[PDB]
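Step one of this worksheet: look at the structure below.
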Amino acid sequence: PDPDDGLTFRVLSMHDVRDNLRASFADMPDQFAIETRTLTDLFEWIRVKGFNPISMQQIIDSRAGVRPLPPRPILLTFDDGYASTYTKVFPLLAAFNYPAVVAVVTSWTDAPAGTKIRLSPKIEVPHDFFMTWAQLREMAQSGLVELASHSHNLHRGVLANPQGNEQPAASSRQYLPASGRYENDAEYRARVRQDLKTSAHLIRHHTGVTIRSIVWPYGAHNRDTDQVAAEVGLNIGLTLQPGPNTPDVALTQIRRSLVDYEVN
Ligand code: NI
Ligand code: NI
Ligand code: NI
(Lines give C-alpha, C1' and ligand atoms only; values in the text may rest on other atoms or scores of the structure.)
(Ligands and ions follow the chains in the order given, each with its own letter.)
Protein backbone atom coordinates (compact mmCIF):
# COMPACT_ATOMS: atom_id res chain seq x y z
CA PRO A 1 0.00 0.00 0.00
CA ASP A 2 0.86 3.74 0.23
CA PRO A 3 4.47 4.71 1.12
CA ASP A 4 4.84 6.17 4.63
CA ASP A 5 7.02 9.16 3.88
CA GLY A 6 5.43 12.03 5.80
CA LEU A 7 4.20 13.43 2.45
CA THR A 8 1.78 11.04 0.72
CA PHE A 9 -1.85 11.48 1.75
CA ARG A 10 -5.37 10.31 0.92
CA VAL A 11 -8.48 12.54 0.65
CA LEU A 12 -11.97 11.30 1.46
CA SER A 13 -14.93 13.31 0.20
CA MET A 14 -18.10 12.56 2.20
CA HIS A 15 -21.60 12.84 0.75
CA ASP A 16 -24.84 12.50 2.74
CA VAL A 17 -27.01 10.07 0.78
CA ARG A 18 -30.16 12.01 1.79
CA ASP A 19 -28.90 14.88 -0.38
CA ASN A 20 -29.37 12.62 -3.38
CA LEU A 21 -28.80 15.12 -6.16
CA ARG A 22 -26.29 13.36 -8.37
CA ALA A 23 -26.00 14.53 -11.97
CA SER A 24 -26.62 13.12 -15.44
CA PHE A 25 -24.16 15.45 -17.17
CA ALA A 26 -21.49 14.74 -14.57
CA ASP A 27 -19.22 11.72 -14.87
CA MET A 28 -18.95 10.66 -11.24
CA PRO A 29 -16.76 7.85 -9.87
CA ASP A 30 -18.43 4.43 -9.57
CA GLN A 31 -20.44 3.84 -6.37
CA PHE A 32 -21.96 0.47 -7.24
CA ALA A 33 -21.52 -2.36 -4.71
CA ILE A 34 -20.04 0.08 -2.19
CA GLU A 35 -21.71 -0.12 1.21
CA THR A 36 -23.21 3.04 2.73
CA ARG A 37 -22.31 3.28 6.42
CA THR A 38 -23.35 5.78 9.11
CA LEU A 39 -21.13 8.81 9.72
CA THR A 40 -20.33 7.67 13.26
CA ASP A 41 -19.33 4.25 11.96
CA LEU A 42 -17.14 5.95 9.33
CA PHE A 43 -15.35 7.94 12.03
CA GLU A 44 -14.85 4.73 13.99
CA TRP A 45 -13.46 2.92 10.92
CA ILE A 46 -11.01 5.78 10.38
CA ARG A 47 -9.85 5.49 13.99
CA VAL A 48 -9.56 1.71 14.23
CA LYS A 49 -7.71 1.35 10.87
CA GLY A 50 -5.11 3.77 12.18
CA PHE A 51 -5.78 6.69 9.84
CA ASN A 52 -4.71 10.13 11.04
CA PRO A 53 -6.99 12.90 9.78
CA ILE A 54 -4.98 16.03 8.85
CA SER A 55 -5.83 19.66 8.00
CA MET A 56 -5.09 21.50 4.76
CA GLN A 57 -2.62 23.61 6.73
CA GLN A 58 -0.78 20.39 7.59
CA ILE A 59 -0.63 19.43 3.91
CA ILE A 60 0.79 22.83 2.99
CA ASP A 61 3.35 22.60 5.81
CA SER A 62 4.52 19.13 4.78
CA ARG A 63 5.06 20.27 1.20
CA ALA A 64 7.05 23.30 2.40
CA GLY A 65 9.15 20.82 4.40
CA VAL A 66 8.39 22.36 7.80
CA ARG A 67 6.49 19.47 9.42
CA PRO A 68 5.94 15.98 8.00
CA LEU A 69 2.46 14.41 7.94
CA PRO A 70 1.65 11.70 10.51
CA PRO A 71 1.41 8.07 9.30
CA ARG A 72 -1.66 7.08 7.23
CA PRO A 73 -2.68 10.73 6.79
CA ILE A 74 -6.14 11.48 5.47
CA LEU A 75 -7.98 14.70 4.58
CA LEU A 76 -11.75 14.66 5.23
CA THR A 77 -13.89 16.95 3.09
CA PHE A 78 -17.61 17.84 3.27
CA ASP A 79 -18.99 19.88 0.34
CA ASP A 80 -22.26 21.67 -0.60
CA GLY A 81 -22.87 23.36 2.74
CA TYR A 82 -26.12 21.66 3.74
CA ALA A 83 -27.40 22.26 7.31
CA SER A 84 -26.48 18.80 8.57
CA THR A 85 -22.82 19.71 8.08
CA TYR A 86 -23.22 21.96 11.12
CA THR A 87 -25.63 20.01 13.30
CA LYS A 88 -24.33 16.51 12.68
CA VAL A 89 -20.83 16.49 11.19
CA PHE A 90 -19.34 19.40 13.16
CA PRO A 91 -19.94 17.92 16.65
CA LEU A 92 -18.49 14.60 15.50
CA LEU A 93 -15.39 16.39 14.23
CA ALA A 94 -15.12 18.01 17.66
CA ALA A 95 -15.69 14.75 19.54
CA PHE A 96 -13.01 12.87 17.57
CA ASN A 97 -10.83 16.00 17.27
CA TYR A 98 -10.58 15.56 13.50
CA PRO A 99 -10.00 18.50 11.14
CA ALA A 100 -11.97 18.81 7.90
CA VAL A 101 -12.48 20.92 4.77
CA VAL A 102 -15.97 22.36 4.19
CA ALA A 103 -16.54 23.60 0.62
CA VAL A 104 -19.26 26.22 0.15
CA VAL A 105 -21.35 26.86 -2.98
CA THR A 106 -21.71 30.54 -2.31
CA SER A 107 -24.71 31.25 -4.54
CA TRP A 108 -26.58 28.72 -2.35
CA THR A 109 -25.31 29.86 1.04
CA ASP A 110 -25.69 33.49 -0.04
CA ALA A 111 -29.06 33.18 -1.79
CA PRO A 112 -31.44 36.14 -1.31
CA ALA A 113 -33.63 35.88 1.82
CA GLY A 114 -36.92 34.09 1.28
CA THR A 115 -35.93 32.61 -2.08
CA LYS A 116 -35.54 28.95 -3.05
CA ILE A 117 -32.31 27.53 -4.44
CA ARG A 118 -32.69 25.97 -7.88
CA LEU A 119 -30.57 22.83 -8.07
CA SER A 120 -31.79 21.33 -11.33
CA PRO A 121 -34.35 22.37 -13.99
CA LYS A 122 -37.00 20.40 -12.07
CA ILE A 123 -35.73 20.75 -8.48
CA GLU A 124 -35.81 23.71 -6.06
CA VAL A 125 -35.01 23.60 -2.34
CA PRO A 126 -35.71 25.90 0.63
CA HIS A 127 -33.12 28.49 1.59
CA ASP A 128 -32.90 27.00 5.09
CA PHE A 129 -31.69 23.61 3.83
CA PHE A 130 -28.24 25.22 3.94
CA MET A 131 -25.92 26.28 6.77
CA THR A 132 -25.97 29.95 7.61
CA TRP A 133 -22.96 32.22 7.29
CA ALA A 134 -22.89 32.52 11.08
CA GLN A 135 -22.70 28.75 11.36
CA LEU A 136 -19.84 28.58 8.82
CA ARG A 137 -17.94 31.31 10.64
CA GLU A 138 -18.29 29.38 13.89
CA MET A 139 -16.81 26.24 12.30
CA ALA A 140 -13.97 28.27 10.84
CA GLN A 141 -13.29 29.81 14.24
CA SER A 142 -13.24 26.40 15.96
CA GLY A 143 -9.80 25.67 14.50
CA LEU A 144 -11.03 22.35 13.12
CA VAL A 145 -12.46 23.44 9.79
CA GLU A 146 -10.88 24.89 6.63
CA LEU A 147 -13.36 26.71 4.40
CA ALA A 148 -13.01 26.24 0.66
CA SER A 149 -14.86 27.38 -2.44
CA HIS A 150 -17.23 24.91 -4.10
CA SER A 151 -17.64 27.70 -6.73
CA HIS A 152 -20.21 30.51 -6.67
CA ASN A 153 -22.57 29.20 -9.33
CA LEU A 154 -20.75 26.39 -11.15
CA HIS A 155 -22.45 23.58 -9.25
CA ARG A 156 -24.91 22.89 -12.06
CA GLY A 157 -25.28 21.86 -15.67
CA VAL A 158 -25.26 24.25 -18.62
CA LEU A 159 -26.10 23.82 -22.28
CA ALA A 160 -23.35 22.01 -24.17
CA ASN A 161 -25.16 21.94 -27.54
CA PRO A 162 -28.26 23.40 -29.27
CA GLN A 163 -30.52 20.39 -28.58
CA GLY A 164 -30.21 20.27 -24.80
CA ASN A 165 -27.43 17.94 -23.67
CA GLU A 166 -25.92 19.28 -20.45
CA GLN A 167 -22.33 19.43 -19.19
CA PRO A 168 -20.74 20.80 -16.00
CA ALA A 169 -20.82 24.63 -15.86
CA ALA A 170 -17.08 24.99 -15.23
CA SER A 171 -15.78 22.68 -17.92
CA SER A 172 -17.75 23.43 -21.05
CA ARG A 173 -17.83 26.44 -23.30
CA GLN A 174 -21.57 26.96 -22.99
CA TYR A 175 -23.98 27.43 -25.88
CA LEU A 176 -25.78 30.81 -25.85
CA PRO A 177 -29.35 30.76 -27.25
CA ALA A 178 -29.54 34.57 -27.16
CA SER A 179 -26.26 35.04 -29.02
CA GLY A 180 -26.86 32.05 -31.28
CA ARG A 181 -23.32 30.92 -30.53
CA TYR A 182 -20.93 29.24 -28.07
CA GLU A 183 -18.95 31.25 -25.53
CA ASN A 184 -15.52 32.12 -26.88
CA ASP A 185 -12.35 31.50 -24.86
CA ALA A 186 -12.21 35.03 -23.44
CA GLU A 187 -15.90 34.93 -22.41
CA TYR A 188 -15.49 31.47 -20.90
CA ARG A 189 -12.39 32.39 -18.88
CA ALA A 190 -14.08 35.59 -17.68
CA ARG A 191 -17.18 33.73 -16.46
CA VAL A 192 -15.18 31.15 -14.51
CA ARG A 193 -12.81 33.81 -13.11
CA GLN A 194 -15.61 36.07 -11.87
CA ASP A 195 -17.32 33.04 -10.33
CA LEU A 196 -14.26 32.02 -8.31
CA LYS A 197 -13.49 35.62 -7.34
CA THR A 198 -17.06 36.14 -6.14
CA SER A 199 -17.04 32.97 -3.99
CA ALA A 200 -13.76 34.00 -2.31
CA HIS A 201 -15.02 37.53 -1.66
CA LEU A 202 -18.34 36.31 -0.23
CA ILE A 203 -16.57 33.87 2.10
CA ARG A 204 -14.13 36.48 3.36
CA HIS A 205 -16.86 39.12 3.76
CA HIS A 206 -19.12 36.85 5.86
CA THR A 207 -16.65 34.65 7.77
CA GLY A 208 -13.36 36.60 7.81
CA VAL A 209 -11.65 33.67 6.12
CA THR A 210 -9.31 34.09 3.13
CA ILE A 211 -9.76 30.84 1.21
CA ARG A 212 -6.95 29.23 -0.76
CA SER A 213 -8.59 26.17 -2.27
CA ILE A 214 -11.32 25.18 -4.76
CA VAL A 215 -13.23 21.92 -4.76
CA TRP A 216 -14.41 21.57 -8.34
CA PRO A 217 -18.09 20.56 -8.66
CA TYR A 218 -18.43 17.17 -10.31
CA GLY A 219 -14.61 17.09 -10.46
CA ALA A 220 -14.93 19.20 -13.61
CA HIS A 221 -11.90 21.30 -14.48
CA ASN A 222 -9.35 21.78 -17.23
CA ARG A 223 -6.28 23.75 -18.26
CA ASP A 224 -8.25 26.99 -18.53
CA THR A 225 -10.00 26.68 -15.17
CA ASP A 226 -6.75 25.79 -13.38
CA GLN A 227 -5.04 28.84 -14.85
CA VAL A 228 -7.93 31.09 -13.89
CA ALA A 229 -8.07 29.64 -10.35
CA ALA A 230 -4.37 30.52 -10.05
CA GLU A 231 -5.08 34.11 -11.13
CA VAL A 232 -7.54 34.60 -8.29
CA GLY A 233 -5.15 32.98 -5.79
CA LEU A 234 -6.72 29.54 -5.43
CA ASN A 235 -3.60 27.40 -5.91
CA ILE A 236 -5.03 24.34 -4.16
CA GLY A 237 -7.55 22.36 -6.18
CA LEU A 238 -9.45 19.18 -5.46
CA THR A 239 -10.49 16.83 -8.25
CA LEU A 240 -12.44 13.55 -8.43
CA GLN A 241 -9.50 11.56 -9.77
CA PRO A 242 -8.85 8.84 -7.19
CA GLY A 243 -5.48 7.67 -5.97
CA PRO A 244 -2.73 8.54 -3.52
CA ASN A 245 -1.44 12.08 -3.44
CA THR A 246 2.21 11.26 -3.80
CA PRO A 247 4.85 14.05 -3.79
CA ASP A 248 4.77 14.37 -7.60
CA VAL A 249 1.05 15.31 -7.54
CA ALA A 250 0.65 19.11 -7.65
CA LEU A 251 -1.64 20.58 -4.99
CA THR A 252 -3.68 21.99 -7.89
CA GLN A 253 -4.61 18.42 -8.86
CA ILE A 254 -5.41 16.77 -5.52
CA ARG A 255 -6.94 13.28 -5.81
CA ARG A 256 -9.86 12.10 -3.69
CA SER A 257 -12.22 9.20 -3.17
CA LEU A 258 -15.93 9.70 -2.78
CA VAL A 259 -17.94 7.91 -0.10
CA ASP A 260 -21.62 8.13 0.87
CA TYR A 261 -22.92 8.13 4.45
CA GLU A 262 -26.15 8.20 6.45
CA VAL A 263 -26.88 10.36 9.48
CA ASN A 264 -29.08 9.45 12.44
NI1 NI B 1 -20.86 19.29 -4.53
NI1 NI C 1 -17.08 42.85 1.25
NI1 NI D 1 -24.49 39.13 3.33
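Here, residue 1 is the first one in the sequence, and each next residue gets the next number. Whatever order the structure lists ligands and atoms in, that order sets their numbers, starting from 1.
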Please find out if the Ni ion (ligand 1) and some N, O or S atom of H15 are separated by less than 2.8 Å. no

Does either side chain, that of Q167 or that of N161, offer a donor lying less than 3.5 Å from an acceptor on the other one? no

Going by distance alone, is a donor N or O of one side chain under 3.5 Å from an acceptor N or O of the other, for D110 and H152? no

Look at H206 and state whether any of its N, O or S atoms is less than 2.8 Å from the Ni ion (ligand 3). yes

Could you check whether the rings of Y82 and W108 sit parallel, tilted or perpendicular, using 30° and 60° as the cut-offs? tilted

Side-chain H-bond candidate by donor/acceptor type, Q194 with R189, under 3.5 Å: no

Minimum-distance N/O/S atom that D80 presents toward the Ni ion (ligand 1): OD1

Can you tell me which N/O/S atom of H155 has the shortest distance to the Ni ion (ligand 1)? NE2

